[PDB]
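S.K.: Can you keep this structure in mind? I'll have questions shortly.
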Amino acid sequence: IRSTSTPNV
Amino acid sequence: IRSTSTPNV
Amino acid sequence: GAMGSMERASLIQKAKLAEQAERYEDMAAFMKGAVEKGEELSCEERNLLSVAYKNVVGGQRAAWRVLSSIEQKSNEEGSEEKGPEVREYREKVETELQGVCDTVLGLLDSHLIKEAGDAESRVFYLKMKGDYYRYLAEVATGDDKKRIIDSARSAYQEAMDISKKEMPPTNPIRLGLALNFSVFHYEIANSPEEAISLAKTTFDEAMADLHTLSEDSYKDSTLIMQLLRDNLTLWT
Amino acid sequence: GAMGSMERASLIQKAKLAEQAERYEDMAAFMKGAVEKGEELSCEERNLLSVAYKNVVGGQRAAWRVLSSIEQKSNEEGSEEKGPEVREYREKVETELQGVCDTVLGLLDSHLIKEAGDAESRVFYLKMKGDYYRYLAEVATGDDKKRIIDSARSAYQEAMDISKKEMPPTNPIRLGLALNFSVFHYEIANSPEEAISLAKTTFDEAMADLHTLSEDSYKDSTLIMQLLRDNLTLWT
Ligand SMILES: *CC(=O)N1CC2(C1)CN(S(=O)(=O)c1ccc(Br)cc1)CCO2
Ligand SMILES: *CC(=O)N1CC2(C1)CN(S(=O)(=O)c1ccc(Br)cc1)CCO2
Ligand SMILES: [Cl-]
Ligand SMILES: [Cl-]
Ligand SMILES: [Mg+2]
Ligand SMILES: [Mg+2]
Ligand SMILES: [Mg+2]
Ligand SMILES: [Mg+2]
Ligand SMILES: [Mg+2]
Ligand SMILES: [Mg+2]
């Protein structure tokens with residue numbers, strides 16, 4: 001449903 | 001490794 | 001404290017909302033607020049209290065174990081000295097865990113257990129007392145480790161005696177108590193044989209009583225029985 | 001505040017421990033303590049600050065969305081009135097989220113951004129500023145919604161201008177900024193076409209520069225490029 005933003009890396 | 005105790009239900 | 005001005009029904013409503021939102025610290029504070037209104041709790045409200053605090057302390061226990069493992073690795077030969085930070089932070093997490101256990105124990109002592117007269121309520125609260133002493137025992141290392149272990153044992157034993165006289169062998173609270181007392185024996189009391197005996201006798205007596213149950217009660221009892229079997233598989 | 005008496009190196013050490021223990025509120029408080037020592041942060045320390053606060057606000061955003069959905073369902077025709085509790089609790093969680101965003105924005109304003117002169121540091125902190133205004137925008141409904149949206153846009157745009165002049169198109173910070181600005185355009189600014197254009201141009205320019213990279217840098221850049229492609233798949 002919601003767009004993906006930067007993840008934790 | 002550790003024994004299982006009651007879970008949340 | 002901070003929940004004194006909220007209605008009991010609104011505290012229960014918000015505990016259910018906090019459960020849906022996976023906000024377990026909030027859920028626990030709402031349920032502590034509800035208990036402090038002074039009225040007895042129903043079965044569903046005991047469940048909300050149990051779920052909230054089990055999730056909070058479960059996070060703390062998991063964190064404590066990660067930090068204790070790092071600390072133990074630090075204190076072995078060959079390990080470069082890193083200073084007091086690992087011990088300090090494990091201590092911080094330990095102190096917070098102890099505080100949550102003391103909060104729960106305080107609610108049970110003031111005054112949930114003394115007002116609990118039906119078997120389901122009294123056995124549940126005495127099991128809870130045993131569980132939170134067990135969590136204190138997991139982190140205890142001082143001159144009170146033996147008394148903490150004995151406190152857990154006494155609570156579980158009082159609950160066991162009531163459960164065996166007042167509930168059928170398939171009752172979920174009776175089964176969950178016996179599961180957690182068997183975990184006490186194996187993981188805390190250095191009594192693996194007592195653990196295995198309890199788990200086997202509990203499983204066998206429940207199996208023999210399953211024929212008395214409805215389809216829905218059967219599903220509930222067999223879930224916990226599978227946990228007893230998983231532990232017996234692990235221990236044997 | 002409470003971390004004023006701890007050494008900077010001990011705050012960083014404990015932030016790493018809190019990460020391993022999945023204690024993200026503690027991690028954030030340790031890193032806020034480190035920033036308040038006044039010294040610039042290295043790349044690894046910016047990562048610890050970013051991971052801590054993203055995990056804290058990410059929990060709050062997830063909780064807020066669950067509660068907002070329940071509240072919206074309550075306000076439809078056919079819905080029995082349940083009282084002010086759902087709105088009150090959504091407000092409580094919203095206020096806490098706003099507080100975390102204001103804390104991060106305050107660290108960036110006092111004084112991380114003004115001392116950041118290298119491209120990696122300045123672009124990272126301006127991206128962070130855009131992200132936390134974006135989180136405020138997600139919950140904004142009043143007379144300041146437009147100014148909050150414009151604050152996010154301005155921060156992202158300043159970061160974009162520096163990134164395009166100072167970093168290669170495969171730099172992970174440059175890629176992550178463009179990913180999150182494209183999310184801003186689609187989810188906040190009602191500009192899906194600008195979102196798709198940005199994500200496509202970013203992906204194409206990175207693809208063309210992959211040949212310049214080592215194996216390890218390649219793996220880093222292609223990870224974020226896959227996120228741009230996942231969004232383009234979602235949006236088209
Ligand atoms: C009806 C009643 O009082 N309760 C409290 C409970 C329902 C059961 N307990 S428990 O710890 O006894 C338990 C039994 C079985 C399982 Br699978 C899990 C926990 C937990 C709270 O709800
Ligand atoms: C070296 C440096 O300053 N940093 C901060 C970072 C490493 C990168 N950022 S980020 O938000 O730019 C980001 C880029 C790429 C990914 Br897959 C995730 C996040 C996060 C903190 O670490
Ligand atoms: Cl500490
Ligand atoms: Cl509230
Ligand atoms: Mg009242
Ligand atoms: Mg050495
Ligand atoms: Mg201690
Ligand atoms: Mg110093
Ligand atoms: Mg109706
Ligand atoms: Mg508000």
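Only the coordinates and a few stated rules stand behind these numbers; no lab work does. All Cβ positions, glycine included, derive from the backbone under ideal geometry; neighbour counts span all protein chains shown.
S.K.: Scan the range D:179-195 and give yes if some residue there is part of a helix (DSSP H, G or I), touching a residue at least 40 places away in the same chain (Cβ under 8 Å) and in contact with a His (Cβ under 9 Å, 6 or more places away or on another chain), otherwise no.
M.R.: Yes, there is a match, as at least one residue in the range D:179-195 is part of a helix (DSSP H, G or I), touching a residue at least 40 places away in the same chain (Cβ under 8 Å) and in contact with a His (Cβ under 9 Å, 6 or more places away or on another chain).
S.K.: If the requirement is being within 11 Å of chain B (Cβ to nearest Cβ), surrounded by fewer than 21 Cβ atoms within 10 Å (Cβ to Cβ) and farther than 14 Å from B:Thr4 by Cβ, which of these qualifies: C:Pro168, C:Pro192?
M.R.: On the way: C:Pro168 fails: within 11 Å of chain B (Cβ to nearest Cβ).
From the options C:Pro168, C:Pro192, the qualifying one is C:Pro192.
S.K.: Restricting to the range D:80-99, what's the tally of residues that are small (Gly, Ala, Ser) and within 21 Å of the chain's Cα centre (by Cα)? First the steps, then the outcome.
M.R.: Taking the range D:80-99 as the starting set, the residues that turn out to be small (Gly, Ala, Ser) are D:83, D:99.
Applying the additional criterion that residues be within 21 Å of the chain's Cα centre (by Cα) yields D:99.
The qualifying residues number 1.
S.K.: Filter the range D:81-98 down to the residues that are more than 17 Å from D:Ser69 (Cβ to Cβ) and either more than 12 Å from chain C (Cβ to nearest Cβ) or away from ligand 5 (no atom under 16 Å from the Cβ) (or both), then identify the one that is surrounded by the fewest Cβ atoms within 10 Å (Cβ to Cβ).
M.R.: Ranking the qualifying residues of the range D:81-98, first place goes to D:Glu81.
S.K.: Can you find, within the range D:171-189, the residue that is nearest to the other protein chains (Cβ to nearest Cβ) among those that are in contact with a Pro (Cβ under 9 Å, 6 or more places away or on another chain) and within 16 Å of D:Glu138 (Cα to Cα)?
M.R.: That would be D:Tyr186.
S.K.: Return the only residue of D:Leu11, D:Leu17, D:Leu48 being within 22 Å of D:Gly117 (Cβ to Cβ) and hydrophobic (A, V, I, L, M, F, W, C).
M.R.: D:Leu48
S.K.: Moving on to the next point. Among the residues that make up the range D:196-211, is at least one of them surrounded by fewer than 22 Cβ atoms within 10 Å (Cβ to Cβ), at the interface with another protein chain (Cβ under 10 Å from one of its Cβ atoms) and either acidic (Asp, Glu) or not in a loop (DSSP other than H, G, I, E, B) (or both)?
M.R.: No: the range D:196-211 contains no residue that is surrounded by fewer than 22 Cβ atoms within 10 Å (Cβ to Cβ), at the interface with another protein chain (Cβ under 10 Å from one of its Cβ atoms) and either acidic (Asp, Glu) or not in a loop (DSSP other than H, G, I, E, B) (or both).
S.K.: So, one more: Run down D:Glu94, D:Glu88 and say which single residue is without any contact (Cβ under 8 Å) to a residue 24 or more places away in the chain, among the charged types (D, E, K, R) and away from ligand 1 (no atom under 16 Å from the Cβ).
M.R.: D:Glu88 is the lone residue from the list that is without any contact (Cβ under 8 Å) to a residue 24 or more places away in the chain, among the charged types (D, E, K, R) and away from ligand 1 (no atom under 16 Å from the Cβ).
S.K.: Within the range C:12-29, restricting attention to residues that are away from ligand 1 (no atom under 16 Å from the Cβ) and more than 9 Å from chain D (Cβ to nearest Cβ), which residue is surrounded by the fewest Cβ atoms within 10 Å (Cβ to Cβ)?
M.R.: C:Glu25
S.K.: Shifting gears a bit: Which residues, taken from the range D:212-228, are surrounded by 14 or more Cβ atoms within 10 Å (Cβ to Cβ) and more than 10 Å from chain A (Cβ to nearest Cβ)?
M.R.: Across the range D:212-228, the qualifying residues are D:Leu213, D:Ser217, D:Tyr218, D:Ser221, D:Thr222, D:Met225.
S.K.: Here's a follow-up. Where residues in the range D:30-43 are in a helix (DSSP H, G or I) and either more than 17 Å from the chain's Cα centre (by Cα) or surrounded by 17 or more Cβ atoms within 10 Å (Cβ to Cβ) (or both), which of them is nearest to ligand 10 (Cβ to nearest atom)?
M.R.: Of everything passing the filter in the range D:30-43, D:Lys32 is nearest to ligand 10 (Cβ to nearest atom).
S.K.: Given the structure, is C:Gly106 away from ligand 1 (no atom under 16 Å from the Cβ), under 16 Å from the mean Cα position of the chain (by Cα), part of a helix (DSSP H, G or I) and within 14 Å of chain D (Cβ to nearest Cβ)?
M.R.: On the way: away from ligand 1 (no atom under 16 Å from the Cβ): yes; under 16 Å from the mean Cα position of the chain (by Cα): yes; part of a helix (DSSP H, G or I): yes; within 14 Å of chain D (Cβ to nearest Cβ): no.
For C:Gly106, the condition - away from ligand 1 (no atom under 16 Å from the Cβ), under 16 Å from the mean Cα position of the chain (by Cα), part of a helix (DSSP H, G or I) and within 14 Å of chain D (Cβ to nearest Cβ) - is not met.
S.K.: Another question about this same structure. Output the residues belonging to the range C:13-40 that are without any contact (Cβ under 8 Å) to a residue 60 or more places away in the chain and touching an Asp or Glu at 6+ places or on another chain (Cβ under 6 Å).
M.R.: C:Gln13, C:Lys14, C:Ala18, C:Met27
S.K.: Of C:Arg46, C:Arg61, C:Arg65, which residue is of a type in the set (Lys, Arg), within 12 Å of chain D (Cβ to nearest Cβ) and in contact (Cβ under 8 Å) with a residue 40 or more places away in the chain?
M.R.: C:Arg61
S.K.: List the number of the failed condition for C:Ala9; all other conditions in (1) within 15 Å of C:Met128 (Cβ to Cβ); (2) facing chain D (nearest Cβ under 9 Å) hold.
M.R.: (1)
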